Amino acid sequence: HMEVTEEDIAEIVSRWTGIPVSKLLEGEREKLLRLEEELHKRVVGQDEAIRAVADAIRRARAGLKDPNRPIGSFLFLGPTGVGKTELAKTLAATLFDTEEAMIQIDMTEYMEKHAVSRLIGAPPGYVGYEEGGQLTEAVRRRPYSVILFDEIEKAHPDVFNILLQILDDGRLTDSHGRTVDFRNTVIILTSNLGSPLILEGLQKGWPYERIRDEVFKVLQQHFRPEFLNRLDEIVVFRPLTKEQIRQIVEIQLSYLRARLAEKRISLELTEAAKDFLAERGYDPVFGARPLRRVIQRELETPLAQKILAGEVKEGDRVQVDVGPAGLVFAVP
């Protein structure tokens, strides 16, 4: 029907039921473009992680999974800054229409004995009883959510046990005795464990065998089969290739190009200029975390100066290259 669209009808049903539009339309959304391709618009590489997530969602939709557990659960190992959160955010926006559907719990904030009360609510008779838990209240308000637990090995054992309850039961009972349904959640657990150790061993000149033995020993110390067996998949994120970093540079320039387009200004970067940003914006210690401020300092700031001086004007095609002091700008 031309005048009344699929989205029009889904929005009515969405507001009446609380079910996200993209969830109601899951059968149409996948016809438009497959989930993997949609996630890859924002997530570069990490093909294995994307396939793991998409495969779980597919098994769930097809009616092959336990209806009393979450949609899927994953442990994302490997280094920092190479897409674990980029994937969780994109997944939330794609499945549930907004990044507000991603609930983030940083386990470095849940290391102590009283963390459970922060997580699921203080007991009756203790300060903070009416406020409830950070996790339980968030999931009650948004049953259709991606839940990101960061640095899971750091959680106090009592907090870890509540995670296990989510995996096993598909639900939690909060301090008010209310049940909190997790059946429509996707659970993503992250850990860096082993990555700093590898960098340390490479720095010290350790033989590969020694590095390898130490990584497995630390993983064994924190992650037992009883826990791992509960998960759909364990995925080790990989360091990014040179080409992958370049693709990320281009994505991270999207907003800037858009702002410039309002004034009919465009940017044309030499391959050298692109590589300049890629080199400074990525390293093994922080992944691509540095890139945002590299673009800010190396490109946006001097471009801003040129614009304010009137050296770059409305309608200009700006050529961006490398010079002795940093990026250089030319206009024909």
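One-based numbering along the sequence shown.
A.B. asks: If you average the CA temperature factors as listed in the entry, which stretch comes out higher, 293-301 or 59-67?
C.D. replies: Mean C-alpha B-factor is greater for 59-67.
A.B. asks: Would you mind comparing 35-43 and 50-58 for me and telling me which has the higher average C-alpha temperature factor in the entry?
C.D. replies: It is 35-43 that shows the higher mean C-alpha B-factor.
A.B. asks: Among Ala261, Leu228, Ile245, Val186, where is the Cα B factor highest in this entry?
C.D. replies: Of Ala261, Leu228, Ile245, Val186, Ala261 has the highest C-alpha B-factor.
A.B. asks: Of the options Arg142, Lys84, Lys154, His176, which has the highest CA B factor as deposited?
C.D. replies: By C-alpha B-factor in the record, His176 ranks first.
A.B. asks: Comparing against every modelled residue in the chain, figure out the third that the C-alpha B-factor of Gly132 lands in (lowest, middle or highest).
C.D. replies: It belongs to the highest third of the chain when residues are ordered by C-alpha B-factor.
A.B. asks: Could you say whether, by C-alpha temperature factor, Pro123 belongs to the lowest, middle or highest third of its chain?
C.D. replies: Top third by C-alpha B-factor.
A.B. asks: Taking only the Cα B-factors deposited for this chain, tell me whether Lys89 sits in the lowest, middle or highest third.
C.D. replies: According to the entry, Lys89 has a C-alpha B-factor in the chain's lowest third.
A.B. asks: What third of the chain does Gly170 rank in for C-alpha temperature factor, lowest, middle or highest?
C.D. replies: Middle third.
A.B. asks: Would you please rank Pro207 by its C-alpha temperature factor against the other modelled residues of its chain and give the third it falls in: lowest, middle or highest?
C.D. replies: As the PDB entry reports it, the C-alpha B-factor of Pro207 lands in the highest third of its chain.
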